[PDB]
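Visitor: How does the following fold in three dimensions:
(chains A, B, C, D, E, F and G, ligands or ions: 10)
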Amino acid sequence: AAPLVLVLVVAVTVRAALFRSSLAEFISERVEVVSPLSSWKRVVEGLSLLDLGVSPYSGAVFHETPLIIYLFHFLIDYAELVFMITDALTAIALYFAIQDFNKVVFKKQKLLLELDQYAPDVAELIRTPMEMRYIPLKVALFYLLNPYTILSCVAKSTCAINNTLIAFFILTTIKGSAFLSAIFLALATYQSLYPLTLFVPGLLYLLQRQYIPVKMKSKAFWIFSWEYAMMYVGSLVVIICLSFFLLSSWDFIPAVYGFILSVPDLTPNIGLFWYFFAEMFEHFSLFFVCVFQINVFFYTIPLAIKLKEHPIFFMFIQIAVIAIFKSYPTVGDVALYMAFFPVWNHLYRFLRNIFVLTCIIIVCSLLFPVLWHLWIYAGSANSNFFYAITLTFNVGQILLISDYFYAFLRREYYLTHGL
Amino acid sequence: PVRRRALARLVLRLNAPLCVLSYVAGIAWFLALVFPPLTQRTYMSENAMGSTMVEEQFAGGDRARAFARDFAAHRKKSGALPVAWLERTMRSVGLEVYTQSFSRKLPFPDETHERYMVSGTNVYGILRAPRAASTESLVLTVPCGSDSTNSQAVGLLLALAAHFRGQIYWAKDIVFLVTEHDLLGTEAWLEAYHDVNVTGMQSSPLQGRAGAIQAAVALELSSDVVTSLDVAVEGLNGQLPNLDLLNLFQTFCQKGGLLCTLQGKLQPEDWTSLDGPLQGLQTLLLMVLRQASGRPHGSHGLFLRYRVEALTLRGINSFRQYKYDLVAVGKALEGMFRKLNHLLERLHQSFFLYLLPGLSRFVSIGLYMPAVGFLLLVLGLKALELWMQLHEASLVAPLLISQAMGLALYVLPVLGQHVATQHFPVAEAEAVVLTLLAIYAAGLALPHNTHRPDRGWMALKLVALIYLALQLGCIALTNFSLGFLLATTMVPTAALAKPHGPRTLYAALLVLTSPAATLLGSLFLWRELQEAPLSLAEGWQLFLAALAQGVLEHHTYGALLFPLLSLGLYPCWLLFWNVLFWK
Amino acid sequence: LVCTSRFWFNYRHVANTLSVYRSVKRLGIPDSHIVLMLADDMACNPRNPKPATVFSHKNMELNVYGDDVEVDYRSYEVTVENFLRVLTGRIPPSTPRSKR
Amino acid sequence: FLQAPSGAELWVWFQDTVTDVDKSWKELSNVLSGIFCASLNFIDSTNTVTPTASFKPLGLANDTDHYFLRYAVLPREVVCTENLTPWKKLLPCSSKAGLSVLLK
Amino acid sequence: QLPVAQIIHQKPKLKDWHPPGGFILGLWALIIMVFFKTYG
Amino acid sequence: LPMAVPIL
Amino acid sequence: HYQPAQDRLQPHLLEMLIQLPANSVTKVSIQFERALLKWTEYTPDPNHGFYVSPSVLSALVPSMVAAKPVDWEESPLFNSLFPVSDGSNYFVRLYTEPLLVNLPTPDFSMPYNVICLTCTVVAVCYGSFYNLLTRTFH
Ligand SMILES: CCCCCC/C=C\C=C/CCCCCCCC(=O)O[C@H](COC(=O)CCCCCCCCCCCCCCC)COP(=O)(O)O[C@@H]1[C@H](OC(=O)CCCCCCCCCCCCCCC)[C@H](O)[C@@H](O)[C@H](O)[C@H]1O[C@H]1O[C@H](CO)[C@@H](O[C@H]2O[C@H](CO)[C@@H](O)[C@H](O)[C@@H]2OP(=O)(O)OCCN)[C@H](O)[C@H]1N
Ligand SMILES: C[C@@H]1CC[C@@]2(OC1)O[C@H]1[C@@H](O)[C@H]3[C@@H]4CC[C@H]5C[C@@H](O[C@@H]6O[C@H](CO)[C@H](O[C@@H]7O[C@H](CO)[C@@H](O)[C@H](O[C@@H]8OC[C@@H](O)[C@H](O)[C@H]8O)[C@H]7O[C@@H]7O[C@H](CO)[C@H](O)[C@H](O[C@@H]8O[C@H](CO)[C@@H](O)[C@H](O)[C@H]8O)[C@H]7O)[C@H](O)[C@H]6O)[C@H](O)C[C@]5(C)[C@H]4CC[C@]3(C)[C@H]1[C@@H]2C
Ligand SMILES: CCCCCCCCCCCCCCCCCC(=O)O[C@H](COC(=O)CCCCCCCCCCCCCCC)COP(=O)(O)OCC[N+](C)(C)C
Ligand SMILES: CCCCCCCC/C=C\CCCCCCCC(=O)OC[C@H](COP(=O)(O)OCCN)OC(=O)CCCCCCC/C=C\CCCCCCCC
Ligand SMILES: CCCCCCCCCCCCCCCCCC(=O)O[C@H](COC(=O)CCCCCCCCCCCCCCC)COP(=O)(O)OCCN
Ligand SMILES: CC(C)CCC[C@@H](C)[C@H]1CC[C@H]2[C@@H]3CC=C4C[C@@H](OC(=O)CCC(=O)O)CC[C@]4(C)[C@H]3CC[C@]12C
Ligand SMILES: CC(C)CCC[C@@H](C)[C@H]1CC[C@H]2[C@@H]3CC=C4C[C@@H](OC(=O)CCC(=O)O)CC[C@]4(C)[C@H]3CC[C@]12C
Ligand SMILES: CC(C)CCC[C@@H](C)[C@H]1CC[C@H]2[C@@H]3CC=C4C[C@@H](OC(=O)CCC(=O)O)CC[C@]4(C)[C@H]3CC[C@]12C
Ligand SMILES: CC(C)CCC[C@@H](C)[C@H]1CC[C@H]2[C@@H]3CC=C4C[C@@H](O)CC[C@]4(C)[C@H]3CC[C@]12C
Ligand SMILES: [Ca+2]
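Guide: Numbering: from 1, shown residues only, chains lettered A, B, ... in the order given. Ligands and ions are numbered 1, 2, ... in the order given. The protein structure is shown below:
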């Protein structure tokens, strides 16, 4: 109780201290922290264009949804308070979700014990109440005190609101409400397109909570799936139709979703698209954009075949994949799946090459600003340095995720067959 | 697998000799850079200047002399820069003349230059290219101090402007600039020109501009005749210009058969025997120390900030019998500017990161990076060994106390200089230095260890090693000389800290390689290379002067050495000190 | 007649093309039947010590740019593609007569 | 008396009977490029504007609807003797009489 | 050339932008309709 | 080559 | 009046009417950001820069002396270029100078290495996931 309040106080104090210093303007302009879809300056530009009588979507600078326009129209003066509130909200939601999940896990593990479906000598692999006591508080601390999250907050990037919506989706799903879950997933899909892939894991968790078997010759399964899908799609339809009536146009749609899907702007970031499409042969551009945006939606089905009985680990992997392979990535997207590492640290004995990967990620994080400076202000370097750093960062992320997946499977094998 | 569980054991069994081998390898590699395989010869590499030719026709020596004599007398009478005379004379030769006023407040009184609050004026004149618009410009500047020097430079500047005014073939504008105080006027002019408030200096707004600046040349000359010309290339924070500018200057030195020098040292025509390597090593070391300092060694150094290639030329009269007249220097400058006119793009095709064993020899980055890679390997091997033994809290207080001490070192000395003056009998300028020394010493006495195992100090050492390796590599990317010097002084002693063993020896080795002892050693080396030795008390005085200059230059020019040391490198060395004296 | 060089230090190629143009005009071919393509301007380059002149020898007794000259393709419209279009006749429909 | 920007500029007022102004504007630029030996074919939609209060007619006018006005500038166009030869070709005495003999 | 008053009056005056009222009504009706399910 | 060597 | 730009379609346009106070200087400023283009969209000399066209200024400047009405067929040709509306002012149109601006550039030499490297990274991810999802512990 007191630990959570103390953590919140420390996080708010650090953010408030950094808001008043001489580094806020420097932080607000980093290409690693803001994107053409997240910058605060584009928000104020759109609001000014509306007061000059021009449509915000008639140019090439503003790519935000109308709901952001409404919110910040009413709260432009109190901007710095909003982001603190949102970060606290996502931390608290994660805390309570993890508490409930741990209860389910211990109860499920306890039930198997008497059905004696575990090997005779498998102990020291059994979860105990003394070790799961401080997992939620840790999760909250890892989210709040991550430098990526603090940097995102001081820059007033819109990614914080997206993270809050995802965290509320997780909280409502684990607590067992499907209507609110569908609403929050629709709100997350409205802002960015990729969160639609989290539809399958949440449905699997809900079905498992109802004790409904998942089979092709079942009746409850199909009815539940149909109801959930209908609620989600209706939510999306109503939000879009409501968005039409703010400015009486459909122009926001190509400005947002077309921009995400087609990647016209070539500003550098920590992703894999910008330099590839600045150095492309025009004959193959369509084929390559199609391939590299199918890659994101590719893994959901086989992962759902393998991880059918473990929906939450499935969610964690899917969020990491979205963060790695999106068109305009930011460190704020990276922090969200890093917040989940404490949940999976009982798998530490089966991890291999964790040390080198952590060191490499840490080094690349510091090497981004120095090489940006040497390229853009000194003139002593070129874009190849920056491209190499982005390549190394993404490779390290992929290796780390694969390691966690391997450790999970190895522990399952040892649980079933004997240590 | 068992393959990579068979290598780790070998590394654990042979860690001790491998670190020694790699450290020796790095030192030997740095010592090998002056020998022919790594050292190349300089070449032009830009066809815009390599395929053309220039026929000089300057002839204004008497006019330059008379201008100098009239300028010196007027400055004597005024006691400062004669502004009306300069404007009238500049207008008489046919330029557009402008002025600028500037002022600032210094953090503390300066003993070296004797300034506290500085105000002055800059005068500049523009020559507009007749057959073009105002899109590009070249700068020729003469920095004036308060020491009654550089009158002949002003005379030569005015004569060159009078010669240049009557031609048709200029494709860029030319700015003729005379500044009030040596490097404060140049900084004020550049800040007003680009409309950026980098330092906080106040000024009147500029009324005349000439487009984007491409290159600049600074001239210093205090005699009618010269015996040699000396060139400077290093700038603020260890930034360098393009090598093609230096190649051009050297190409106009052989045409006029003038005695050119780099660092004040004359080089042989060819490496005739083994006597060449010694001089090459001397020149390389002088360049390394100068680049490590990070100071703007002339007006040209401040130009490197705005991506403008800048060159400084100093003429020396040194009792050698053969003398050169002013016409030769004028012809050399005319040729350089005429060849800079022929460029069609920005300079972008030679080298931007390099080292100079001589005026016509160079080494590129891909040849000298292994010298630092080898030492980073030592750090990595030791960290790997620590991780192994650790797998075979108590850290919060050391980390927080170390960073707090670093912040106190950064912030306190300049503030609280009036309270110390009031309470104790010391002058203002030395109070800052004494506060620096006092906080440095107070860092060593561990306060929390007054209050009254293996994993704790092993984890602390692992963290410290990773942190130091990060900083070392980042510093090397910014300035190679600084990173290499810090690595070669700090790697071996940080690799040996252990709470059990000969602790007195380890403490004596840790004290002598702190960031403060490095500076004293470097000062002694610099004096030894110059062939002017030093004693103990003279060295102590020079050390205090260097500390004051470092703080003042961080405040006035934006140098980064003081923040880097105080905020990043002092706490890490404190962490190693904590490791040695664990509890 | 085509010159495919660039910058100011490539003065020679432009000088050669101008000499050919002077000869063919002096011998009778009209300016509407000559398609002249020059990739850069050397006669009115701001670096030229003698504006509006191009010389063949250092005595400076023959100016090959001349008083009367007309160029169809300027510096940025000289390319392999346009030369091939002119030769093959596969030119954009709005192109004027003088440039085909 | 009169001033012009560096490079080349062109502004045109069309008649109100013109239906499609962009097509006619492109065709006119291509035609002028042949007469004056300039690269006016580089005028496209990325460097053409329709001013709303500037560049009003200089001759007899009845109504001023800026729907029929176009303007463009090419700031890197070079003016050399090749441009002056067609210019002098349009004069009636044609450099052989009067004030035209002074244009060298 | 340069008629000042006509130029000034050729454009309607600039008023600040405000969200339409129907959008506000729709938003809050939707939110409360959702709230009356989970609570009543 | 990387994609189709594992599959078919 | 402001018209925003569209990438590769149309430029920015800005048009203002400002009253200038007497014996003074007025400053107008606006911020911009530079863009990175495709490697095929640069000129043969890409390290020279791009040009912003000169700006136009139009005004009715006050006159020292009052001018009489004039007939264009009997006046010098340099006095009949602009129609005159009032005898106490006269019309002028001024142009400023062009500006040269630089952009960041990509590497024009390696459009083919980039494809190989990026596809290699994607293949690394694919291989890891396929090997983990298809096989079984033995
Ligand atoms: C850890 C696992 C890593 C996973 C994958 C690895 C990814 C990154 C790691 C390493 C790099 C591999 C990929 C790098 C490829 C591009 C980067 C590059 O090589 O460029 C160089 C960058 O420098 C660096 O890479 C290192 C600096 C810092 C980065 C550190 C690396 C990561 C560190 C992170 C962790 C460290 C510690 C952590 C542990 C705790 C810059 O050099 P430069 O630009 O001068 O050279 C280029 C270029 O060189 C190359 O790219 C090499 C070619 C192959 C490289 C790929 C590597 C193979 C395998 C790597 C193994 C890694 C491990 C994987 C297994 C797990 C190239 O050769 C030339 O083509 C290029 O152009 C050249 O640029 C210059 O060259 C020309 C000549 O000067 C010039 O061309 C112009 O001029 C010519 C005139 O002669 C003309 O003919 C041309 O037309 C041209 O046009 P021009 O007219 O001049 O117009 C000018 C207008 N501007 C170019 O201009 C010139 N730029
Ligand atoms: C141990 C730990 C691990 C990590 C680490 O240490 C710690 O490991 C270390 C180690 O691993 C290092 C690497 C080792 C290998 C290195 C290879 C090196 O490339 C080679 O570098 C050579 C340096 O002498 C040559 O390059 C010349 O470099 C000169 C400058 O030093 C130029 O001046 C010259 O070009 C000039 O061009 C104009 C003309 O005057 C001449 O041509 C020539 O003077 C270049 O040479 C030219 O380089 C070009 C580009 O490669 C062509 O190759 C060209 O080829 C010519 O082509 C002509 C046309 O057909 C032909 O006729 C002629 O015969 C050929 O010669 C060749 O002249 C050579 O060339 C080139 O390859 C690269 O820079 C850095 C490099 C990777 C290193 C980077 C840093 C490291 C990783 C270190 C790192 C810290
Ligand atoms: C612990 C060990 C540390 C070492 C770090 C790992 C380095 C591995 C990769 C090194 C080489 C990369 C691939 C080569 C491609 C370049 C091709 C090329 O020609 O790149 C050359 C090599 O230049 C480099 O990039 C130097 C290598 C720099 C690597 C970075 C090392 C610094 C440490 C950073 C890490 C900080 C913290 C780490 C410690 C924990 C550049 O060639 P040159 O400039 O002469 O000549 C070409 C210039 N020209 C004419 C075209 C204008
Ligand atoms: C310290 C390690 C890293 C930095 C490496 C330092 C470089 C080597 C030092 C000497 C080489 C310098 C050669 C060329 C520079 C100019 C030479 C010169 O004129 O003298 C050296 C010149 C001294 O000039 P003066 O004494 O004013 O002039 C006397 C007459 N000339 O030295 C310098 O100015 C070098 C810069 C000083 C370094 C200070 C930087 C940081 C300052 C605060 C330190 C931070 C806290 C750590 C210590 C605090 C407790 C002591
Ligand atoms: C300014 C931006 C850059 C800063 C970096 C900000 C974020 C980047 C870091 C992202 C984190 C990536 C991975 C971190 C951990 C992931 C896995 C993990 O947590 O594993 C733990 C262990 O992981 C590690 O810590 C291993 C990594 C190697 C040690 C790190 C040493 C380096 C510290 C930093 C030194 C230099 C700092 C310089 C400041 C930039 C398990 O702990 P446990 O559950 O207690 O297991 C024991 C069971 N009883
Ligand atoms: C579950 C849904 C999202 C379908 C599964 C994902 C993919 C099969 C589809 C869905 C949306 C598609 C994208 C929608 C829009 C575009 C923009 C389109 O851009 C253009 O045609 C413009 C010109 C060009 O850039 O080539 C290129 C394909 C792409 C990325 C498509 C690639 C294939 C995608 C990723
Ligand atoms: C930099 C690291 C290695 C820490 C210690 C080295 C330097 C910081 C300082 C510390 C002690 C100094 C030495 C102390 C005493 C002397 C004797 C001094 O000899 C004299 O000229 C004095 C008169 C005489 O003895 O004849 C020459 C410099 C030297 C070697 C000094 C050189 C620079 C040293 C090594
Ligand atoms: C971390 C940076 C500063 C690298 C510098 C390495 C240090 C070990 C340097 C700094 C000052 C140097 C000293 C400066 C002066 C001298 C005097 C010199 O004696 C002479 O005058 C030689 C002539 C003779 O008597 O034969 C012998 C080397 C020594 C001790 C030097 C040894 C190497 C020192 C200690
Ligand atoms: C505008 C923002 C704040 C969203 C507010 C909540 C939105 C998502 C609410 C308001 C009205 C809601 C809808 C009302 C009725 C239905 C019919 C039901 O059979 C499926 C769900 C569906 C289609 C709801 C989906 C969620 C919904 C669209
Ligand atoms: Ca013709």
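Visitor: hmm, who's touching the longest helix along chain C?
Guide: If you go by DSSP state H, chain C has its longest helix at helix C:11-27. With CB atoms under 8 Å, 6 or more residues apart in numbering or on different chains as the test, helix C:11-27 has contacts from C:1-5, C:31, C:34, C:36, C:38, C:40, C:42, C:54-56, C:64-66, C:68-69. (C-beta placed from N, C-alpha, C; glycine too.)
Visitor: Report the separation between the residue nearest to residue B:104 when sequence neighbours are not counted and ligand 2.
Guide: Excluding the flanking residues, the one nearest residue B:104 by CB to CB, 6 or more residues apart in numbering or on different chains is residue B:201, at 4.6 Å. Distance, residue B:201 to ligand 2, by CB to the nearest ligand atom, to the nearest Å: 40 Å.
Visitor: isn't residue B:201 right next to residue B:186, touching?
Guide: No. Look at residue B:201 against residue B:186 with CB atoms under 8 Å: they stay out of range, at 11.1 Å.
Visitor: Pick out whichever of those two has more residues nearby.
Guide: residue B:186 (25 against 19; other CB atoms under 10 Å in any protein chain shown).
Visitor: sec struct for that one, please.
Guide: With DSSP: H, G, I helix; E, B strand; the rest coil as the basis, residue B:186 sits in helix.
Visitor: List the contacts of it.
Guide: Counting by CB under 8 Å, 6+ apart, residue B:186 touches B:141, B:143, B:179, B:299, B:302.
Visitor: go on, residue A:29?
Guide: Contacts of residue A:29 by CB under 8 Å, 6+ apart: none found.
Visitor: Check residue B:228 too.
Guide: Taking CB under 8 Å, 6+ apart, one finds B:258, B:259, B:260, B:261, B:266, B:315, B:316, B:318, B:320 in contact with residue B:228.
Visitor: Equivalent analysis for residue G:126, please.
Guide: Going by CB under 8 Å, 6+ apart, residue G:126 touches F:2, F:3.
Visitor: quick one: it from ligand 10, how far?
Guide: With distances taken as CB to the ion, to the nearest Å, residue G:126 is found 59 Å from ligand 10.
Visitor: And that residue, which helix or strand is it part of?
Guide: If you go by DSSP states H and E, residue G:126 is part of helix G:113-134.
Visitor: Just confirm yes or no for that helix near ligand 3.
Guide: No. Helix G:113-134 lies apart from ligand 3 when judged by CB under 6 Å from any ligand atom; the minimum separation is 10.9 Å.
Visitor: ok, and for that helix, which residues are buried?
Guide: By 16 or more other CB atoms under 10 Å in any protein chain shown, the buried positions in helix G:113-134 come out as G:114, G:115, G:118, G:119, G:121, G:122, G:124, G:125, G:126, G:128, G:129, G:132.
Visitor: Skipping its backbone neighbours, what lies nearest the last one in space?
Guide: It stands for residue G:132. residue A:405 (5.6 Å).
Visitor: Give me the buried entries from the contacts of helix C:11-27.
Guide: Buried among the contacts of helix C:11-27 by 16+ other CB under 10 Å: C:3, C:5, C:31, C:34, C:36, C:38, C:40, C:42, C:54-56, C:64-66, C:69.
Visitor: distance of the residue in chain C positioned nearest to chain A from residue C:92?
Guide: With CB to the nearest CB as the measure, residue C:81 is the residue of chain C nearest to chain A, at 14.9 Å. Relative to residue C:92, residue C:81 is positioned 11 Å away (CB to CB, to the nearest Å).
Visitor: and if you look at residue G:13?
Guide: When residue G:13 is compared with residue C:92 (using CB to CB), they lie 28 Å apart.
Visitor: And those two? Which one has more around it.
Guide: Comparing residue G:13 with residue C:92 by other CB under 10 Å, the one with more neighbours is residue G:13, at 14 against 9.
Visitor: Pull the contacting residues for the residue lying closest to the more buried one once chain neighbours are set aside.
Guide: Ranked by CB to CB, 6+ apart and with sequence neighbours excluded, the top spatial neighbour of residue G:13 is residue G:3, at 4.0 Å. By CB under 8 Å, 6+ apart, the residues touching residue G:3 are D:49, G:10, G:12, G:13, G:14.
Visitor: what bridges to the second one?
Guide: Residue G:10 has these beta-bridge partners by DSSP bridges: residue G:6.
Visitor: In this structure it contacts residue D:46, no?
Guide: Yes. Residue G:10 lies in contact with residue D:46 (CB under 8 Å); the separation is 6.6 Å.
Visitor: Could you report the neighbour count for residue A:22?
Guide: Residue A:22: 6 neighbours (other CB under 10 Å).
Visitor: That one belongs to a helix?
Guide: No. Assessed with three-state DSSP, residue A:22 is coil; it does not lie in a helix.
Visitor: Spatially central, which residue of chain G would that be?
Guide: Centroid-nearest residue in chain G, with CA atoms, centre = their mean: residue G:52, separated by 5.0 Å.
Visitor: near chain A at all, stretch B:9-16?
Guide: No. Applying CB under 8 Å from any CB of the partner chain, one finds stretch B:9-16 separated from chain A by no less than 13.9 Å.
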